[PDB]
Amino acid sequence: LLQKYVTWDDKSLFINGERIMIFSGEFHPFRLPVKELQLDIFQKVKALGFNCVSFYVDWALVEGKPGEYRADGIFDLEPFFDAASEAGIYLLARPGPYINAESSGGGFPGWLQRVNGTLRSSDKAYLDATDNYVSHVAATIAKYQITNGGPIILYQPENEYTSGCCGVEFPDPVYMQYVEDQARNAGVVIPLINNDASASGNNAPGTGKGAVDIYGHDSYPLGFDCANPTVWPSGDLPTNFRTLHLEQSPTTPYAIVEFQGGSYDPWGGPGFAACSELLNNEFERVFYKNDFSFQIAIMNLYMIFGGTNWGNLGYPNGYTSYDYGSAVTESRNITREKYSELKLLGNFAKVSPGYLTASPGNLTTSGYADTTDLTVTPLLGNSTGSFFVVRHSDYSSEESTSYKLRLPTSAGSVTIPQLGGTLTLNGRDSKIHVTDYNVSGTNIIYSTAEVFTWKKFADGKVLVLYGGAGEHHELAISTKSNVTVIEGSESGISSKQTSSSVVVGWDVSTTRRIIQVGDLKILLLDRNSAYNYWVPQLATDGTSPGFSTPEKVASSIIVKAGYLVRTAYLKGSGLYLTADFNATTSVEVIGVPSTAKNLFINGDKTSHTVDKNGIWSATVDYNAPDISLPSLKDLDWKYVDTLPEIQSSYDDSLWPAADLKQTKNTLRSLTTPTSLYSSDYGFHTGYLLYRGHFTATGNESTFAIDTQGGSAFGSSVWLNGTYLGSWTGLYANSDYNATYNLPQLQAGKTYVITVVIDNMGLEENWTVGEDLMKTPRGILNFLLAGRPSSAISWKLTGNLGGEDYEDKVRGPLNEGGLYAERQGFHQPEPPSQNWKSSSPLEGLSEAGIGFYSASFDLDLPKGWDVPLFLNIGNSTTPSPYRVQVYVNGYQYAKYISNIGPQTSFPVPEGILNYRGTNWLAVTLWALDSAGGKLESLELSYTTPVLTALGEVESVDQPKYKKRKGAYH
Ligand SMILES: *[C@@H]1O[C@H](CO)[C@@H](O[C@@H]2O[C@H](CO)[C@@H](O[C@@H]3O[C@H](CO[C@H]4O[C@H](CO)[C@@H](O)[C@H](O[C@H]5O[C@H](CO)[C@@H](O)[C@H](O)[C@@H]5O)[C@@H]4O)[C@@H](O)[C@H](O[C@H]4O[C@H](CO)[C@@H](O)[C@H](O)[C@@H]4O[C@H]4O[C@H](CO)[C@@H](O)[C@H](O)[C@@H]4O[C@H]4O[C@H](CO)[C@@H](O)[C@H](O)[C@@H]4O)[C@@H]3O)[C@H](O)[C@H]2NC(C)=O)[C@H](O)[C@H]1NC(C)=O
Ligand SMILES: *[C@@H]1O[C@H](CO)[C@@H](O[C@@H]2O[C@H](CO)[C@@H](O[C@@H]3O[C@H](CO[C@H]4O[C@H](CO)[C@@H](O)[C@H](O[C@H]5O[C@H](CO)[C@@H](O)[C@H](O)[C@@H]5O)[C@@H]4O)[C@@H](O)[C@H](O[C@H]4O[C@H](CO)[C@@H](O)[C@H](O)[C@@H]4O[C@H]4O[C@H](CO)[C@@H](O)[C@H](O)[C@@H]4O[C@H]4O[C@H](CO)[C@@H](O)[C@H](O)[C@@H]4O)[C@@H]3O)[C@H](O)[C@H]2NC(C)=O)[C@H](O)[C@H]1NC(C)=O
Ligand SMILES: *[C@@H]1O[C@H](CO)[C@@H](O[C@@H]2O[C@H](CO)[C@@H](O[C@@H]3O[C@H](CO)[C@@H](O)[C@H](O[C@H]4O[C@H](CO)[C@@H](O)[C@H](O)[C@@H]4O[C@H]4O[C@H](CO)[C@@H](O)[C@H](O)[C@@H]4O[C@H]4O[C@H](CO)[C@@H](O)[C@H](O)[C@@H]4O)[C@@H]3O)[C@H](O)[C@H]2NC(C)=O)[C@H](O)[C@H]1NC(C)=O
Ligand SMILES: *[C@@H]1O[C@H](CO)[C@@H](O[C@@H]2O[C@H](CO)[C@@H](O)[C@H](O)[C@H]2NC(C)=O)[C@H](O)[C@H]1NC(C)=O
Ligand SMILES: *[C@@H]1O[C@H](CO)[C@@H](O)[C@H](O)[C@H]1NC(C)=O
Ligand SMILES: *[C@@H]1O[C@H](CO)[C@@H](O)[C@H](O)[C@H]1NC(C)=O
Ligand SMILES: *[C@@H]1O[C@H](CO)[C@@H](O)[C@H](O)[C@H]1NC(C)=O
Ligand SMILES: *[C@@H]1O[C@H](CO)[C@@H](O)[C@H](O)[C@H]1NC(C)=O
Ligand SMILES: *[C@@H]1O[C@H](CO)[C@@H](O)[C@H](O)[C@H]1NC(C)=O
Ligand SMILES: *[C@@H]1O[C@H](CO)[C@@H](O)[C@H](O)[C@H]1NC(C)=O
Ligand SMILES: [Cl-]
């Protein structure tokens, strides 16, 4: 009704009147703020066979100052959308306002701690607070809708609006209608889709006011126990999802808006390498094919690429990395076996239209397969073909199971295999067997081996099939032609002709066979060989693949290669490929246009040969260049003390006074005489400092303090220059009560208590009504024994200027409250000429905080994608210390020696200057009376990739400039 570009029925979306299965990956632009690398991710997603990406926008990063929306430069969404368009990827836009996303505040800016109203409710104070943000971000989204020639096809209002408490009459139809109307009022006409955290029917079509267009829900069924990555708990495989769908939203396509693609990992967790093992290739093939058993038509994987929680953007439970164990790693590599496995399923879905028009049946333990050890879920079509999802009935089983099938076909029901032998399902695997499968007018009566892809070319048809090692498979084709083996041995290939078919049996081998039946060639592959195949769209007008439309899907070619094939196009007599290589690679092209006479790879003329079956072959040699990385320990390190506050000369007269008698925080009433909540004063991010002035009686004994920074925070306390102690932190503690013994004080003299508190980020707000994002940061309680609370007058600081934040280029979260950060010394070219020469490897000999600066040059070669990492040593149990590392002003490492787990910190090209000068600024906070130092600090690299990527422009890296608003 509002537009005709994106429509739907009960089975699927239609894009311009044509059915499409939306297969999407989650990618957050704020977690990879380099536009050329955003294109890289999109191309890697397109190469999976996917057609869509889903993204959040993080409000906290783009309206750090209330009333000043800023989504420019590294936060600009427009180049992100243009990269999607260039890669041929549609978009699902998810701007919140609430996003969760393991991000600080769940996306909410810290100034929402001053809103007198329930967050995510119809309370006017909350709704008013969101209006400026939504009117801006939804306008930008509206501009790039498919209706205007852009990539954006779906819009999600809100996020997991599923749980309420604490007086909210949940679900509130007035609230969701308001949120939906905000988007519509900004020009969004595309369909609205929700993402209910459970299949709870919230806001489904037919619920009236507040209903979305398409009901969606989320699912993370294998959970998050990354420490036990081989354990698949009983009952974790979903079976009822289609049943629930038909009850909850039968008129719309079945949609999972976030299906598990990895896992979060908290401070002190096992690490994302473990998460990648839990959500590995086996998880994908069993759980994702299980989603196909429900006839899922919109499927988005959270995350496909996670990136990095740089500049304090992450929530307090998480650390710097957001690798997530996803198919594309944090450093952008696609080496994980789960990437290649996922590509097999994405490419199946891309070419199998009968999947969407079939009639799904209930799961079975008999009737299709001949054993109750297997479960088969049928999707039955008459003329349009059927699909049979096979798995172990006990989904965690690692047993090898022999079986036979009884399948319905247009030629009659058949027991498979016909020619002898049995099929095998080896352990944690699942197959989609097909019947009456259409290969451009050629009917595949059945195939037990799975379809990777098929194409019609000018000189014939090609079908690509694969099985796992040790499997026997069989197929049958509607034809009067016989079968001929045209590549590979005839060994273990059996066949029979009937009146109207040919039947072919085969055993999986590491050596490819190609068979020919009439004008159809069939590749018979093992899974590990199929991992190396790619199906780029072949452009004939320009160089860009275009979106996954029926015509552009049909025009694709089949390329065997190695690490990556990005694109293909035909220009005159030239066939052009763009691809990446991490080893010497044999390239084969199947379906070369008749007019192509010359091969180009990444623009370079490349020799080729043609075999007797018309396949082009070429070789791309890999010879990694010398990568010369400077020794970080040998740099000319300059040091400055970044806790001058504990010197008796320090003058804090320009610091904000923490003197508000009333809090604007509705969640927690004050238990101190004035507010010491950082967000009451506009300080939401990074290290916080508090200074408490009093005049001593001389009879003081102890000072007690309750500090709160979120999970794994630490704090340190001094009385003038005398170290009192630290809370060194635990993941289990978001606050801590300490009682410190004081030295003997002199009656009538003034003293200042300096408190440093690590703010780990603001809490999320998952349950509507609970207002947990309002959880304060700072000092909750204090008691100077024998003195009234009012004896201490407090000052505080976070990032200089608070909400009037200094760095408009790097955003409102990047820098905290340390002296060196307040001065802007973390940026390139600090005023360090007269600073002392000292290294973070030398470090501190007492409790305190040091700031260290050094530059280094890189001269890495053009045409190579080279992942670089910062490494902080932890070979033996350390003393407690905390580190931040700024790279050209951008914070790309937060490190807690005693909690971990992260020691390896990837930093992307664009943040790093590969042919230029780079700046490291390192803060070292020793939470120990004996001080602390780094064990080691090193740059490293992983496998250089010979890349098709264009040059990466360095992002804006503002140099140090004296700040007039500083407290000096
Ligand atoms: C694709 O992207 C991925 C994500 O971005 C990326 O994965 C990341 O890769 C980096 C670099 O390899 C990882 O950091 C390293 O991790 C090492 C520990 O992990 C290994 O060992 C574990 C325990 O045995 C294994 O569980 C683990 O396997 C798991 O993870 C693998 C992926 O990492 C995966 O493939 C497996 O299937 C599995 O799931 C893994 O094998 C750690 O040792 C290493 O630190 C050393 O190296 C640094 C330089 O790179 C140094 O700065 C540092 O000081 C360490 O060097 C010292 O120790 C080494 C080993 O003992 C020695 O060889 C060195 O010479 C050196 O020795 C000195 O110091 C010693 C004290 O430590 C001392 O004993 C000696 O005397 C000497 O003085 C580093 O932290 C990171 O963890 C990965 N991240 C994730 C999320 O996985 C992947 O690399 C990308 N791939 C490509 C191709 O690009
Ligand atoms: C250039 O780019 C290339 C990509 O284009 C890139 O190539 C890829 O490289 C990665 C490794 O980085 C490959 O993934 C690994 O593959 C390993 C080899 O097995 C594969 O190939 C065999 C044939 O050669 C197959 O037989 C094998 O199938 C079997 O195993 C599958 C996986 O378990 C299973 O699903 C199948 O059904 C079948 O049973 C497979 O296809 C593979 O061993 C390895 O798996 C381990 O690591 C994964 C995490 O990285 C885990 O998810 C997985 O469970 C395995 O974990 C084990 O090993 C880890 C250490 O690495 C430990 O941490 C774990 O605890 C665990 O170890 C325990 O269990 C072991 C049993 O497996 C046991 O022996 C141990 O003692 C211990 O008890 C992983 O999947 C990928 O296949 C390559 N892709 C392509 C397309 O080639 C290349 O590396 C790049 N080059 C450079 C230089 O950068
Ligand atoms: C450098 O090297 C050093 C030396 O090796 C490293 O030091 C080690 O660091 C380890 C990781 O931080 C640390 O282990 C931790 O020990 C604490 C006990 O003090 C323990 O709580 C931790 O385990 C929990 O937390 C982690 C995440 O931080 C989880 O992965 C784990 O499953 C545990 O989770 C439980 O507690 C959480 C917090 O309360 C809950 O959120 C969670 O749901 C779960 O709760 C259940 O269990 C609780 C009891 O455990 C129970 O109360 C609750 O009701 C629930 O049922 C973790 O094991 C080592 O102690 C430390 N070793 C030494 C010698 O110091 C250092 O990290 C390295 N540094 C770097 C940078 O790599
Ligand atoms: C503790 O530190 C404070 C300042 O942080 C010191 O305050 C000074 O006190 C002297 C008088 O002794 C004044 O003349 C100065 O103006 C104060 N300086 C500042 C910056 O306020 C205080 O003396 C220290 N306490 C002790 C016992 O040494
Ligand atoms: C399929 O399963 C549903 C849900 O349990 C049930 O209501 C229905 O009877 C089943 N249909 C058939 C044809 O067995
Ligand atoms: C098979 O595909 C051809 C063209 O690719 C089409 O004309 C025909 O309708 C399809 N057949 C079925 C049964 O879907
Ligand atoms: C069909 O091909 C097979 C070999 O692939 C052969 O045994 C058989 O004789 C052929 N049939 C005819 C009628 O030529
Ligand atoms: C919120 O507003 C109510 C009603 O005006 C007022 O009583 C209350 O003090 C306010 N609370 C905060 C924390 O500002
Ligand atoms: C001084 O402190 C001691 C020990 O707490 C206590 O006995 C005494 O009451 C204090 N003096 C005054 C004047 O409060
Ligand atoms: C610190 O003390 C306060 C007040 O008694 C209490 O509410 C809080 O839970 C305590 N914190 C911890 C971490 O035990
Ligand atoms: Cl200052």
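About the cut-offs
- Residues numbered from 1 in each chain as written, not as in the entry; some residues may be left out.
- Chains lettered and ligands numbered in written order.
- Heavy atoms only, no water.
- UniProt positions renumbered as here; feature names shortened; annotations may be inferred.
- Buried < 20%, exposed > 50% of the residue type's maximum accessible area, 1.4 Å probe, protein only.
- Contact = heavy atoms within 4.5 Å.
- Polar contact = N/O pair within 3.5 Å; in protein donor to acceptor, adjacent residues only side chain to side chain.
- Helix = DSSP H or I, 4+ residues; strand = E, 2+ residues; numbered from the N terminus.
- Disulfide = S-S within 2.5 Å.
- Pairing = 2+ DSSP bridges.
- Axes fitted to C-alpha atoms, helices over the stretch in contact; angles between N-to-C directions.
- Core = buried A, V, L, I, M, F, W, Y, C linked by side-chain atoms within 4.5 Å.
- Near = heavy atom within 4 Å.
- Areas by Shrake-Rupley, 256 points an atom, 1.4 Å probe, with all protein chains shown as cover.
- Nonpolar A, V, L, I, M, F, W, Y, C, P; charged D, E, K, R; others polar.
- Domains from an automatic or database assignment.

(A) Expanded view of the UniProt feature "binding site: substrate" in the protein. Taking the UniProt record as the reference, the feature "binding site: substrate" is found at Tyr56, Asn100, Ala101, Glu102, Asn159 and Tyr324. Look at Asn100 and you get buried, because its relative accessible area is 11%. The contacts of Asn100, once residues within four sequence positions are left out, are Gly106, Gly107, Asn159, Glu764 and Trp766. Within the structure, the side chain of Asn100 is placed 2.6 Å from the side chain of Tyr98, a separation counted as a polar contact. Turning to its location among the elements, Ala101 is positioned in the loop between β6 (90–96) and α4 (124–143). If we ignore the near neighbours within four places in the chain, the residues touching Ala101 are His28, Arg31, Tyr56, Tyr302, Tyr322 and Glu764.

(B) Region of interest: the state of the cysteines. In this structure the tally under the stated criterion is two disulfides. The disulfide that involves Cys165 links it to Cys166, with 2.1 Å between the sulfurs. Negative torsions about the S-S bond denote left-handed disulfides, and the value of about -85° found for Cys165 with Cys166 makes this one left-handed. Residue class for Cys166 comes out exposed when judged on its relative accessible area of 60%. Counting its disulfide-bonded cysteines in sequence order, the protein shows a connectivity of 1-2, 3-4.

(C) Examining the sheet that holds strand β41 (residues 715–719) more closely. Pairing within the open sheet is antiparallel, and its five strands lie in the order β42-β41-β44-β39-β46. With partners counted over all chains shown, the strands left at the sheet margins are β42 (722–727) and β46 (793–797), one partner each. Going from strand to strand, the sheet's axes swing by 15° on average, the running direction of each strand aside.

(D) Summary view of the nonpolar core. If you look at the biggest cluster of nonpolar residues, it comprises 232 residues, and the most contacted ones within it are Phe23, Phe42, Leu112, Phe287 and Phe292. Once residues lying within four places of it in the same chain are set aside, the contact partners of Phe292 are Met21, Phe23, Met299, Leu345, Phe348, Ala349, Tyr355, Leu379 and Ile432.

(E) The arrangement of the site of ligand 1 in detail. As a structural note, the neighbourhood of ligand 1 is formed by 17 residues, with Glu277, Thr329, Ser331, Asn333 and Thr942 the closest of them. Here an oxygen atom of ligand 1 sits 2.9 Å away from a polar atom, N or O, in the side chain of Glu938. Surface burial for ligand 1 is 38%, taken as the share of its 1,500 Å² of free accessible area covered by protein chains. Of all the secondary-structure elements, those providing two or more residues to the shell around ligand 1 are α7 (272–278), β50 (868–872) and β55 (937–941). For the shell around ligand 1, the class distribution of residues is three nonpolar, 11 polar and three charged. Per-domain counts for the shell around ligand 1 show at least three residues from each of domain 1 (1–354) and domain 4 (623–642 + 819–968).

(F) Layout of the side chain of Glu471. Relative to the assigned elements, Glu471 resides in the loop between β21 (460–467) and β22 (472–478). Exposure remark for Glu471: the relative accessible area of 2% places this residue in the buried category. Separated by 2.9 Å, the side chain of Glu471 and the backbone nitrogen of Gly468 make a polar contact. A polar contact is formed between the side chain of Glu471 and the side chain of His473, at a distance of 2.7 Å. Excluding residues that lie within four positions of it along the chain, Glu471 makes contacts with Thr424, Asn426, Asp429, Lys431, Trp506, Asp507 and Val508.

(G) Broad picture of the environment of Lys964. Following the sequence through the fold, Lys964 ends up in the segment after β56 (945–946). Taking the C-alpha atoms as reference, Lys964 lies 9.2 Å from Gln823; in sequence the two are 141 residues apart.

(H) Geometry of the UniProt feature "active site" in the protein. What UniProt calls "active site" maps, in this numbering, to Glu160 and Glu258. A maximum C-alpha distance of 10.0 Å among these annotated residues, which run over 99 residues, shows that they cluster at one spot. Structurally, the position occupied by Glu160 is in the loop between β7 (152–157) and α5 (173–185). Its relative accessible area of 10% is what places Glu160 among the buried residues. Residue contacts for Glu160: discarding those within four places in its chain leaves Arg120, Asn195, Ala197, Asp218, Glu258 and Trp766. Relative to the elements of secondary structure, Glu258 occurs in strand β9 (residues 255–260). Note on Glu258: relative accessible area 3%, which makes it buried. For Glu258, the contacting residues outside a window of four places in its chain are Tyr56, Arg94, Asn159, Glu160, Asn195, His217, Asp218, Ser219, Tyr220, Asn300 and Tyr302.

(I) Broad picture of the environment of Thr917. Summarising the element assignment, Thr917 is placed in strand β54 (residues 915–926). Overall, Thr917 belongs to the partly exposed group, its relative accessible area being 36%. C-alpha separation for the pair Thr917 and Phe856, spaced 61 residues apart in sequence, amounts to 5.7 Å. At 3.0 Å, the side chain of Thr917 forms a polar contact with the side chain of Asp857.

(J) Representation of the site of ligand 8. As a matter of local geometry, ligand 8 sits amid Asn116, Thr663, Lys664, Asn665 and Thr666. One of the side-chain N or O atoms of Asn116 is found 2.3 Å from an oxygen atom in ligand 8. Contact with the protein chains removes 34% of the 370 Å² of surface that ligand 8 exposes when unbound. Class assignment for the residues of the shell around ligand 8 results in no nonpolar, four polar and one charged.

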